[PDB]
Amino acid sequence: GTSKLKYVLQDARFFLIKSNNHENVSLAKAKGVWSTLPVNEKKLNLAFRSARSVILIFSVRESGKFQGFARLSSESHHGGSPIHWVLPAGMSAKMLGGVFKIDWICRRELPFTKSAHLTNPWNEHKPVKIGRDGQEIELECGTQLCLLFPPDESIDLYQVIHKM
Ligand SMILES: O=C(O)C[C@H]1CCCN1
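In this text, residue positions in the sequence shown follow the numbering used here: the first is -10, and each later residue adds one.
What follows is the structure in structure tokens.
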């Protein structure tokens, strides 16, 4: 069902997370972590303190889909086990901010064709699939986008609820 999911999404904030490759999203799914550049790190840290849930929605560039969405369980922290990210052409490992811990809520894909009716007021009402890495998605658009994903029966939101 969707009731616990809607409860997790109640009054949450949403952010569009864009990755250049599937490998980083796969590491994120396996290890429950995400790392980004400081300009986004700062935004995500602010949002984590401000809202009951901060939801990251992942899309791999050029894939035409979203790959799932997760909930921030921590602010960024430095000095863990180094994560073997596949870094973009210009970027090195010292250029990243800290590591966020995330709980996946859905590891299933959603094709852009299914979200074409969803516009993001915080990006000029362009379709929600359009946006830079870190773009915030307005509450109602983000909520309906998460509800479009196929249910992930591998995930039990009982555990995530207990962290809010
Ligand atoms: O957020 C960024 O722009 C950088 C990438 C590196 C690992 C995953 N995020």
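All residues carry an ideal CB built from backbone N, CA and C; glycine is no exception.
When you compare only the Cα positions, how much space is there between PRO116 and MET153?
As a position in the sequence shown, residue 116 is number 127, starting the count at 1. As a position in the sequence shown, residue 153 is number 164, starting the count at 1. Their Cα atoms are separated by approximately 30 Å.
Output needed for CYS130: all residues of its chain with C-beta closer than 6 Å, excluding positions within five of it in sequence on either side, in chain order.
Position 141 of the sequence shown holds residue 130. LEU107, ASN109 and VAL117, listed in sequence order.
Around the C-beta of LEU33, are 16 or more other C-beta atoms found within 10 angstroms, so that it is buried, or is it exposed?
Along the sequence shown, one-based indexing puts residue 33 at 44. Per the 10 Å Cβ criterion, buried.
Quick one: measure Cβ to Cβ for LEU(-2) and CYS95, integer angstroms, because I've assumed they're closer than 8 Å.
For the purposes of this step, residue -2 is taken as residue 9 along the sequence shown, with counting starting at 1. For the purposes of this step, residue 95 is taken as residue 106 along the sequence shown, with counting starting at 1. Not confirmed; about 11 Å, so no contact.
Among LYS83, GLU51, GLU30 and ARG121, which residue has its Cα nearest to the Cα of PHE89?
As a position in the sequence shown, residue 89 is number 100, starting the count at 1. For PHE89, the nearest C-alpha among the options comes from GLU30.
Just the C-alpha distance for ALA1 and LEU128, rounded to the nearest angstrom, thanks.
Position 12 of the sequence shown, counting from 1, holds the residue named residue 1. Position 139 of the sequence shown, counting from 1, holds the residue named residue 128. Distance between the alpha carbons of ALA1 and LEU128 is about 7 Å.
If I follow the unbroken alpha helix (DSSP H) through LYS20, where does it start and stop?
For the purposes of this step, residue 20 is taken as residue 31 along the sequence shown, with counting starting at 1. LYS20 -> alpha helix (DSSP H) spans 11 to 20.
Which term fits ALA59, buried or exposed, when burial requires 16 or more other beta carbons within 10 angstroms of its beta carbon?
Mapped onto the sequence shown, residue 59 falls at position 70. Buried, by the Cβ-count rule.
If you measure between the beta carbons of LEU146 and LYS18, is that distance less than 7 Å?
In the sequence shown, residue 146 corresponds to position 157, counting from 1. In the sequence shown, residue 18 corresponds to position 29, counting from 1. Taking 7 Å as the Cβ cut-off, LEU146 and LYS18 do not qualify as a contacting pair.
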